[PDB]
Number of protein chains: 2
Amino acid sequence: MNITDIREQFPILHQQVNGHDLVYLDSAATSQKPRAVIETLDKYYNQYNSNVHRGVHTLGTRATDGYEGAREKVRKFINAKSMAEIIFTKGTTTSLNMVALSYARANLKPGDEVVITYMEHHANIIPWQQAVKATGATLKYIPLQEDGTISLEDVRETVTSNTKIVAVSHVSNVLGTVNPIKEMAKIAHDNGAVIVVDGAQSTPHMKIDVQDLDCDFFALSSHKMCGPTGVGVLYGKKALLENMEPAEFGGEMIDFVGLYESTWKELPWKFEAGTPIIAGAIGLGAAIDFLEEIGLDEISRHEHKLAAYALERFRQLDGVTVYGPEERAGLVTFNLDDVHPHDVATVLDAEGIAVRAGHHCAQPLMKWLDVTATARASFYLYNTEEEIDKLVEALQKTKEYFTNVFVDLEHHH
Amino acid sequence: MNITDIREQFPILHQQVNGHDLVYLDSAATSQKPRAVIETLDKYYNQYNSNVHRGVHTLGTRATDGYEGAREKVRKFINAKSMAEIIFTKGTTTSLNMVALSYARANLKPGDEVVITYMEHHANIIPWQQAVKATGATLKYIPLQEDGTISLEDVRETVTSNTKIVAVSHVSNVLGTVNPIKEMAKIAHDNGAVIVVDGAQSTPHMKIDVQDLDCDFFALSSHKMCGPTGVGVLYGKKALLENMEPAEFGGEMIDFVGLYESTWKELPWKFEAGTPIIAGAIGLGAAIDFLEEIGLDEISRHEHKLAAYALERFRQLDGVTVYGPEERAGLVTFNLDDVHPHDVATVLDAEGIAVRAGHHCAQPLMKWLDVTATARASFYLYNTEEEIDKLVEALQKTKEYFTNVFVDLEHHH
Ligand SMILES: Cc1ncc(COP(=O)(O)O)c([C@H]2N[C@@H](C(=O)O)CS2)c1O
Ligand SMILES: Cc1ncc(COP(=O)(O)O)c([C@H]2N[C@@H](C(=O)O)CS2)c1O
């Protein structure tokens, strides 16, 4: 895996911000795209765009083969058994809402539980809050250990035979924790529950095998894995999708439409109402071809290296706290002792460095961490150790800068 | 309006299919894109892609300004009063389902009516079928006159003081009828109802002014108006959106998230859950800039010319029936007397000509027309009279070809 050659493929990395080379360390907010993906969208709109399915003309057939071809690339990429289990959506958030609408609201009754965890992103909290309110069921939280991991004993304790759904992040977008999904799916199933896995932050960065995980549903976003924005996937075991009703209705997802009643198409098209995200899904297929050619295991190994290097270099800084476990995905969320993380992010952008500040859509987690906000540097296959040196040098300079503003503000007062 | 110069801007038009120049006459299934739109997506992914809102770094701010800037272009384009009334969705079909979920299901009770029409597309039928079934309300249909238009007396008759929602197409994707939306909105409102307008086929082709129409909601698709796929808009009057709950839940559309309860952001972001369709919405803004520079009124006048020319030349063909009224948008749906429309479409694609065959997602309408399927040629700003001559010449050749296959099949038997 050669990082110079990989970087050459991402035009956006080769520019300056505020007079400094860009150092983009915000791929957990979104990833950048290689020329293979952007040129795939260009070739689609330059050469073969047309609406898909019922192909009667040559560009229609080409577009259709492109769109359904990308469906097959996705199925192979996550090791699903069938294309019928691969639904294109506009993103992880929509995929999780479809499960909460079409599965949870159809299957929960008073006394049923949905169990989630304190580290979940909002997209894997609010749909359940709403679905339990709608059905009179109960929402429960699995507690965290003090390093921000989950113990399977806590899982066993929290999940009961009234639990119908466990929903849990594969990888935390804040802590970098990789959760024990395969063993949690066993506990869910032993209790008569399904497990819903939020794979938004795992799928770009590590190999996903839904047969090995034995997850009932798995949601992911293209924009985080070198693909176009506005596109996602919901995977669900075929036997569960077959018994779920559509979450929206329209053209393309019907078989017969009468004045008052309609019947639906087979899977996966039952869940794809209206003209689909044709260019975006084909560009997500090109992203997958791109990542597979590099190797997901090579990408994970590179990120392990960057994360171990980052945590070590963060520990060399005084006055900095890093949240979450030592063993982790390719991101670091942190605070400088005396500086608001928004000011940290603002100053780092003056040195060309892009990180994020805020709650990262995990308010209950920030509460658990006893903070109101954090800063986050997150990595991907185009980032390097030198970029991490630049970050840790700028955090040092940031600390000195703010301690000097303060020291000299109180020689004023 | 110079059609040579406009055609020069659409790379996809300049190729051959089956050894003939392409003649694309299927823009009602989807439109082709000018270089200004494709190069807008390229510049986004080559230069300033980043996740949007809470901008702390320079590419983030640029992406955010791009995305919210396109929101303002849309508001101005349909003459909405406020950006709070412009919601980005993945397409017309999703926009209409959001109204059926968040407005209709919250506001219908037994004895309430939703009134639609026999010419509606499935996307403006099935969400209502489902919403009335969910609430025990009643669905009614406004009848059509024999030329496929709607009479306002029929509207007055069908809409009553129990009607809460009238939902109706601005322009029919099959008949080419332009419905009297402004006068229908008066009748809805006089009866205490809201009107939901499906503008998928009007917005690309004619000026839309939501203040003049006084529609309560209006839905449209980018892919039909020179923009990227996977993107749409729901407009709704601000006072109605303010009282509607979100149709999906997650990050970005909240203000506070506790363990069990959450509060939502203000409009429009209350309705935009998760990372939005950032590239697609910015490319929809570039499509709008493109169409506005040509002039929507100039585009409508060009299509009036093409439609009047087409209907006249179709009447010169023997054995061909055209459905719908003389005064119409830029499309013609038709059947050849003795040939299935799928075979018509297949043969026309052998001569480079792209049209569609099927029910066009309007099964109740095909039933009303007493046919099982139709063929459809549909026009846009890059099509010419010469392309219409090619179509009518190929339909003539198609008729002779099939009458000769038949004549000589029965000199065999
Ligand atoms: C673990 C996890 N789950 C779900 C989501 C929502 O994904 P989206 O619907 O693509 O915005 C995310 C998103 N979080 C945002 C972030 O971490 O900055 C951008 S992707 C995520 O990280
Ligand atoms: C009048 C009318 N209303 C709603 C839709 C659905 O729009 P989409 O959600 O972009 O597929 C359509 C779609 N009909 C398809 C067609 O006519 O071929 C492609 S756009 C439409 O024409």
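Letters A, B, ... mirror the listed sequences (proteins, then strands); counts begin at 1. Just so it is clear, the values below take in all heavy atoms, side chains as well, and ignore hydrogens, waters and symmetry mates.
Within a 6.0 Å sphere centred on CD of A/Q145, other residues, nucleotides and ligands contribute more than 12 heavy atoms. Within a 6.0 Å radius of CD in A/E327, no more than 12 heavy atoms belonging to other residues, nucleotides or ligands are found. Within a 6.0 Å radius of NE2 in B/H53, more than 12 heavy atoms belonging to other residues, nucleotides or ligands are found. Within 6.0 Å of NZ in A/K305 there are more than 12 heavy atoms belonging to other residues, nucleotides or ligands.
A distance-only check finds a donor-acceptor pair linking the side chain of A/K33 to the backbone of A/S31 [under 3.5 Å].
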Exercise for review: Please step through side-chain contact (heavy atoms from CB on, under 4.5 Å) for the pair A/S172 and A/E120, ending with a clear verdict.
Suggested key: CA-CA 7 Å; A/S172 168; A/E120 298 308 308; over 6 Å; no
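Ring geometry, A/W264 versus A/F249: the interplanar angle falls from 30° to 60°, so the pair is classed tilted. Ring pair A/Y141/B/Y260 is perpendicular by interplanar angle, where above 60° counts as perpendicular and below 30° as parallel.
When each of A/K207, A/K73, A/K76 is checked for a salt bridge (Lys or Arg N to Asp or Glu O under 4.0 Å) with A/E292, only A/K207 meets the rule.
Listed here is the closest heavy atom pair of B/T89 and B/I277: O-CD1, 3.2 Å. For B/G280 against B/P228, the heavy-atom pair with the smallest separation is O-CG, 3.5 Å.
Here the CZ-CG distance, from A/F77 to A/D289, works out to 10.0 Å after rounding to the nearest 0.5 Å.
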